[PDB]
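Next comes just one chain, in structure tokens: the form deposited in one PDB entry.
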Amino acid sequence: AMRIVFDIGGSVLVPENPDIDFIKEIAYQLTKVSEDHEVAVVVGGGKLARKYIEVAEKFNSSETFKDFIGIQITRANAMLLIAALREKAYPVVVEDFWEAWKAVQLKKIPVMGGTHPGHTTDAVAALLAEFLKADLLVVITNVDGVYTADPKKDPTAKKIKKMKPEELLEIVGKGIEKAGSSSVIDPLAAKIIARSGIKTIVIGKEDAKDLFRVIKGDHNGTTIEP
């Protein structure tokens, strides 16, 4: 009954290597969810992308060129999902929004990676959600939600349950994102979510193992909403 965009982190799909079972599992659920909803997906780069970006840095590449290498990896990861989605997926990695649109019209799941430098795949997901006028944006990261601070660094981090887009920006928004930089949601994405008021859900791997219920409201993550 609705349109949903999924932003799956590269480190979730590829922790250090591919998590075969998670991919097979996540691909199965997206397929099921697409049985009654319009589904579009964006995959991240993760550990592997940072390794290639670190190499380029050793050669002093510009931050723009590293972004491109990062983009190249995200597309590689995206192809692993497309593979696991079998015939329900759009064969090739989508590179622009209009094409994602066509895939949806053909009732096939479009899987895309990065687009242009200056941001992360989160921003791609947000803009996609916005372009398709999606009803839900599901961000699957390697943290169970959005906290008061970095849950892996701070001990007093509070896992916010609900919040406004303006509140999400306060958390991030002021971050100077370098090629390889990581966050729950990149500053640009936050601004896009706030900009047009995109209902957004942030969840971890554990909760991501039950998407069908997650998109029903039953999950233990954060819910950014106007």
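In this text, residue numbers run from 1 along the sequence as written. Basically, rigid core = biggest C-alpha set you can superpose within 1.5 Å across the two forms.
Visitor: Which is higher on mean Cα B factor in this entry, 87 to 95 or 139 to 147?
Guide: Between 139 to 147 and 87 to 95, it is 139 to 147.
Visitor: On average, are the C-alpha B-factors higher in 149 to 157 or in 73 to 81?
Guide: Result of the comparison: 149 to 157.
Visitor: If I read the C-alpha B-factors straight from the PDB entry, which of 64, 183, 29, 200 is highest?
Guide: Among 64, 183, 29, 200, the highest C-alpha B-factor in the entry belongs to 183.
Visitor: Where does the C-alpha B-factor of residue 37 rank in its chain, lowest, middle or highest third?
Guide: According to the entry, residue 37 has a C-alpha B-factor in the chain's middle third.
Visitor: Can you tell me whether residue 57 has a C-alpha B-factor in the lowest, middle or highest third compared with the other modelled residues of the same chain?
Guide: Within its chain, residue 57 is a lowest-third residue by C-alpha B-factor, going by the deposited values.
Visitor: Looking at the temperature factor on the CA atom of residue 8, which third of the chain's modelled residues does it land in?
Guide: Ranked within chain, residue 8 CA B lands in the lowest tercile.
Visitor: Splitting the chain's C-alpha B-factors into thirds, which one does residue 194 fall into?
Guide: Middle third.
Visitor: Using the B-factors in the PDB entry, rank residue 163's C-alpha atom against the chain and give the third, lowest, middle or highest.
Guide: Within its chain, residue 163 is a highest-third residue by C-alpha B-factor, going by the deposited values.
Unshown form deposited in another entry; subsequent notes refer to it.
Visitor: Once the rigid core is superposed, exactly one of 195, 164, 51, 178 has its CA displaced by 2 Å or more between the shown form and the other one; which residue is that?
Guide: C-alpha shift of at least 2 Å: 178.
Visitor: What happens to the Cα distance from residue 180 to residue 22 in the other form: does it get closer or farther than here, with a change of 3 angstroms or more?
Guide: Relative to this form, farther apart in the other form.
Visitor: Closer or farther: the C-alpha atoms of residue 163 and residue 178 in the other form, versus the form shown, with a change of 3 angstroms or more?
Guide: The answer is closer, because the C-alphas of residue 163 and residue 178 approach each other in the other form by 3 Å or more.
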